[PDB]
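In: Structural data only, the sequence is not supplied:
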């Protein structure tokens, strides 16, 4: 008992709430229901103009989001990408797939203890808003992460 | 030293016992709806037997010696007569007594004495509470096993894998001397106790929709 | 004096054991990745045996008497059944127990006693270090030997120079009395143990490109 | 089975002065033995700087038996063989009685002697004549020892001497 | 069967002085044995610090049998061996007698001696002659101890020494 | 198996004075025997310059046995047979009592004798008469030796005398 | 030490979950019973992966595990 850990290491509820508030006020979407958590990030703040080359400054954001992710004992994590219709379907589908692959690779390099990570990108096949005037600035063009807390 | 430990364990046991007894008494009717017994009771005031079953069993005697079976069925408690159905009191309720024997000899007079007295009393409280929880969980496991055995026997009898119990009634007219008389002698004997069959040919299966 | 020697040796051994165990925990996944056993278990969950090979042996019995051998093969451990594949913990994990015993009453008096205590503790620390390293070396040698024997058996069985083991299995239908029933008796016994063939025609060679 | 020379706790409930030996009982409250009792007696030391009790006749509940483990006691949480009591019981009385008798003798004799160099004579009378009998009786009774007395609410610890079965 | 050295209550009904040997009976008023009685005797201690009672001739009602369990008594709710009695009975008596005898001797002899340096003559006469016989008789009687006496309406507690059936 | 007279270490807990001998227990803290207990006694020397412990009754954990290895003790970090305690217990009290009694006698007698060449008379009285009985009593009691008392938290070393199994 | 710190506060300990509950319906960080999921890698004691420590003690200071293996690192050395 005395040497048994009091709580799960590297976890503080106050820290969790604080950083969740920070992300939400910075605009990155965090959504919670039951124990299933979803995070949304506009692709404009991440990539170039329809290019699968992450901007250098975004590494701080990636560090922050991984730091948040580290507090949850998890099993499976899904990362998917959405985009806008640009030239064809296959073009942006491949673009989304590459972007998801890159972000998944960076996360896997980071110390986020999971068992499974799925990654995919479906271009502009799941619209969420009628407004499609902008290109990479359109809100629907984004990335999203889903997972379910265990126990 | 350990006197505080002992009294704290006693206090924790008693207090947790009182709390759990209060909870049980608070929740009565739904408990009865759960562990009904008279419904399961058969047609001759006879308690059905107790059946257990295990699946995918492997035993290893030593090197080059292994025995594997898929399903096994065992009879734990043989069926018998009864006068009343059982209930939950003997399976869930547990005793209680307020411990009222603190010996006035080891009174903490100094600060360290008070500190150790308090900490030892607290840890005794916690240990007693945990022990009470263990008693409760083993009791509930026992009653669940009993009910499961009963319902499984019912299911197997539906499956037609066990013969029903057999009862012989013998009725005799008035009897006795001129001083003692009984009008109607009714003797109920049990001839055949339920048991498992061996012939697989007549076993009947089932299918839902 | 020698008391300080002994306690310093204990402290050094414990500290080295804790350090090496921590390192082993930190570098874990690759270890189990390389030391698989499930990919080595035989068809019937039977652990393959262990073999040893010797090359170019010589013995001088006495004057006038010499015996040389080209190659020799030994069955170190006979194959036997198994339920779960072995891991590396029971070969490499070290026993760790922090010695918190203040069994020290030869407390220092002067600077000279303090410094001889210091040097005794230093040499005890170093002795613990070397002891732990030697134990680790023995453990790693043992586990390497076992894995080598396993792979040697695999290679020779592929080369068709040893007899593969043979197990006979028998099946029986429903069995038991009216109170106990088993669905499917399945009894498996390894009739033929693995062994080598001292014959010669049965030898097939191998040559790559 | 009890190891040779282990420690047990017990509670003493009856008090007695170190005057007349008698059966004194203690009750074991902790350890393996619960509800057991032990009767014995005390001893009078030559000097009263400490006080100890001999405890030999042990009775354990449960079964009708009487074992004969003999053991002594130490002051709980003090680990000393002395007893907490008072020892200045009968020094002052005898000292004062002797000194007063001597002073009476001296006053009578010296103040009668210095008469060459009525109420004063009567004081001489009383002191000189009542000093001597008082002084000799005080010498006769001076040898009374100062006693000690245990208390009826003091616990104790017992170290064993022999084993049991 | 009675535990080795267990305790019981009893009521003392007949009082006695610690002067002459005599049987004393007590009555058990509780416990398993109810209405039982017990005859025993007393002892005289060297000093009046306590009083203990021998109690062995135990008579149980119902059956005409007599076991001889021997036991002692302690002060109930006091748990001490002291007896409720007075102990300053005959100190000042002999003290004053001896002191007056000595004062008489001194008064007669010294007031006769101081004559050089009829009512006074006869005072000297009586004092100097009747002091001496009184002084020797006081020395003769100084040794009678002060007595203690139990009371007829005090409860008591009896602890056992040996077991019975 | 223990070599014929080698070194062991233990710690004592029960403090005792060299007044009334009795069972004393120590606990072995190191060596092959750990948790072992040793009860024994002490000896009274003619001179209180030291103190040694007669330790014979050894009980080792594990098996219910009682060996009788007898050995003595030496002060750790001192390598001597002395005991760490106080030695000036009872010099000054007897010295002062005797000297004061003698001075009283002298003052009374000399100032009485110096009369030829009332408060001074009373001083003579008290001194010359109370000095003498006090002087003889002090000479009677002047011969009590100085006690030595061990403490409750001192360790010790034991040199063996005989071998065991 | 506040398990539900900067939250609704402690609600109760679910044993079936082996976890504390914050008043805001979010699972806490601490544990409340041994019957929970803790990441356990480092352990104390000796004779591990053997029959454990043999309860019987020997005059010699060596300790041998109940399966017959002797642990030098657990035994004190000369």
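Out: Arrived safely, thanks for sending. Residues are numbered from 1 along each chain as shown, chains lettered A, B, ... in the order given.
In: quick one: contacts for the spatially closest residue to residue G:45 that is not a sequence neighbour?
Out: The spatial neighbour of residue G:45 that comes closest, neighbours along the chain excluded (CB to CB, 6 or more residues apart in numbering or on different chains), is residue C:97 at 6.1 Å. The way it works is simple: take the backbone N, C-alpha and C, and place the C-beta from them, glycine included. Neighbouring residues of residue C:97 by CB atoms under 8 Å, 6 or more residues apart in numbering or on different chains: C:14, G:44, G:45, G:46, G:74.
In: cutoff 10 Å now
Out: C:10, C:14, C:17, C:18, G:44, G:45, G:46, G:47, G:71, G:73, G:74 (CB atoms under 10 Å, 6 or more residues apart in numbering or on different chains).
In: before we move on, what about residue A:103?
Out: By CB under 10 Å, 6+ apart, residue A:103 lies in contact with A:41, A:46-47, A:52, A:54, A:58, A:62, A:65, A:79, A:81, A:119, A:143, A:145.
In: Helix or strand: which one has residue D:107?
Out: helix D:92-113 (DSSP states H and E).
In: Show me what that helix is packed against.
Out: helix D:119-141, helix E:92-113, helix F:92-113, helix F:119-141 (3 or more CB pairs under 10 Å, 6 or more residues apart in numbering or on different chains; DSSP states H and E).
In: I figured residue B:14 hits residue B:99, correct?
Out: Yes: contact criterion CB atoms under 10 Å: residue B:14 and residue B:99 qualify, at 5.9 Å.
In: thinking again about what came up before, where does the residue nearest to residue G:45 fall, secondary structure wise?
Out: In the assignment (DSSP H and E), residue C:97 maps to no helix and no strand.
In: roughly how far apart are it and residue A:1?
Out: Residue C:97 is 18 Å from residue A:1, where distance means CB to CB, to the nearest Å.
In: Distance check, the residue in chain A positioned nearest to chain D against residue D:140.
Out: As assessed by CB to the nearest CB, chain D sits closest to residue A:1 within chain A, at 24.5 Å. To residue D:140, residue A:1 is 72 Å away according to CB to CB.
In: which one of those two has more residues nearby?
Out: In this view residue A:1 and residue D:140 are compared by other CB atoms under 10 Å in any protein chain shown, and residue D:140 has more residues nearby, 10 against 6.
In: Excluding chain neighbours, what is closest to the residue in chain D that chain C sits nearest to?
Out: Relative to chain C, the nearest point of chain D is residue D:79 (18.8 Å; CB to the nearest CB). Closest residue to residue D:79 apart from its sequence neighbours, by CB to CB, 6+ apart: residue F:152 at 4.2 Å.
In: Check residue B:35 too.
Out: residue B:88 (5.1 Å).
In: For the one you found, give me its contacts.
Out: Contacts of residue B:88 (CB under 10 Å, 6+ apart): B:24, B:28, B:31, B:32, B:34, B:35, B:37, B:139, B:140, B:143.
In: for residue A:57, same thing?
Out: Per CB under 10 Å, 6+ apart, neighbours of residue A:57: residue A:45.
In: what about the strands in the chain?
Out: Just going to use chain A. Secondary structure of chain A (DSSP state E): strands located at A:29-33, A:36-42, A:76-82, A:116-121, A:142-148.
In: meant chain G, my bad for not saying
Out: G:10-14, G:19-22, G:27-31.
In: Just give the number of residues close to the nearest residue to residue D:121 once chain neighbours are set aside.
Out: Leaving out its chain neighbours, the residue that sits closest to residue D:121 by CB to CB, 6+ apart is residue E:114, at 5.5 Å. By other CB under 10 Å, the residues close to residue E:114 number 17.
In: which residue does chain B bring closest to chain G?
Out: residue B:133 (8.1 Å).
In: Am I right that that residue is in contact with residue B:16?
Out: Yes: counting by CB under 10 Å, residue B:133 does reach residue B:16; the two are 7.3 Å apart.
In: And these two? Which one has more around it.
Out: Neighbours of residue B:133 and residue B:16, each counted by other CB under 10 Å, are more numerous for residue B:16; the result is 21 against 14.
In: Skip the chain neighbours and tell me the closest residue to that one.
Out: residue B:132 (3.8 Å).
In: Can you name the residues that contact the closest residue to chain C within chain G?
Out: Residue nearest to chain C within chain G (CB to the nearest CB): residue G:46, separated by 3.5 Å. Residue G:46 sits next to C:17, C:94-97, G:52-53, G:63, G:65, G:71, G:73-75 when contact means CB under 10 Å, 6+ apart.
In: now do residue A:89
Out: By CB under 10 Å, 6+ apart, the residues touching residue A:89 are A:122, A:123, A:124, A:125.
In: and what of residue A:85?
Out: Applying CB under 10 Å, 6+ apart, we find residue A:85 in contact with A:91, A:92, A:123, A:124, A:125, A:127, A:132, A:135, A:141.
In: List only buried entries from these.
Out: Neighbour counting over the contacts of residue A:85 (16 or more other CB atoms under 10 Å in any protein chain shown) leaves A:92, A:123, A:124, A:141 as the buried ones.
In: From those, which land in helices?
Out: Under the assignment DSSP state H, the buried ones among the contacts of residue A:85 contribute residue A:92 to helices.
In: Could I get the buried ones among the contacts of residue A:85 in JSON lines, plus columns for distance to residue D:9?
Out: Converted to JSON lines, the buried ones among the contacts of residue A:85 look like this (distance: CB to CB, whole Å):
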{"residue": "A:92", "distance to residue D:9": "84"}
{"residue": "A:123", "distance to residue D:9": "82"}
{"residue": "A:124", "distance to residue D:9": "83"}
{"residue": "A:141", "distance to residue D:9": "80"}
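In: Could you tell me the phi and psi values at the most centrally placed residue in chain B?
Out: Geometric centre of chain B, nearest residue: residue B:143, 3.6 Å, by CA atoms, centre = their mean. Phi and psi for residue B:143, reported as degrees, to the nearest 10, are phi -70, psi -40.
In: Please tell me how far it sits from residue E:154.
Out: Going from residue B:143 to residue E:154 by CB to CB gives 60 Å.
In: Please apply the same query to residue B:69.
Out: Residue B:69 is 82 Å from residue E:154, by CB to CB.
In: More neighbours: which of these two?
Out: More crowded of residue B:69 and residue E:154, by other CB under 10 Å: residue B:69, with 22 against 14.
In: Can you name the helix or strand that that one falls in?
Out: Using DSSP H and E, residue B:69 maps to strand B:65-75.
In: partners of that strand, with directions?
Out: If you go by DSSP bridges, strand B:65-75 pairs up with strand B:51-62 (antiparallel), strand C:180-182 (antiparallel), strand C:185-192 (antiparallel).
In: give the contact list for residue A:93.
Out: Counted by CB under 10 Å, 6+ apart, residue A:93 has contacts A:81, A:83, A:120, A:121, A:122, A:123, A:124, A:125.
In: now residue D:130, nearest residue through space, not along the chain?
Out: residue E:102 is the one closest to residue D:130 (CB to CB, 6+ apart), at 4.1 Å.
In: do residue D:47 as well
Out: Excluding the flanking residues, the one nearest residue D:47 by CB to CB, 6+ apart is residue F:19, at 6.3 Å.
In: ok, now how distant is the residue in chain D that chain G sits nearest to from residue F:64?
Out: Nearest residue of chain D to chain G: residue D:3, at 14.5 Å (CB to the nearest CB). For residue D:3, the distance to residue F:64 equals 7 Å [CB to CB].
In: Thank you, goodbye.
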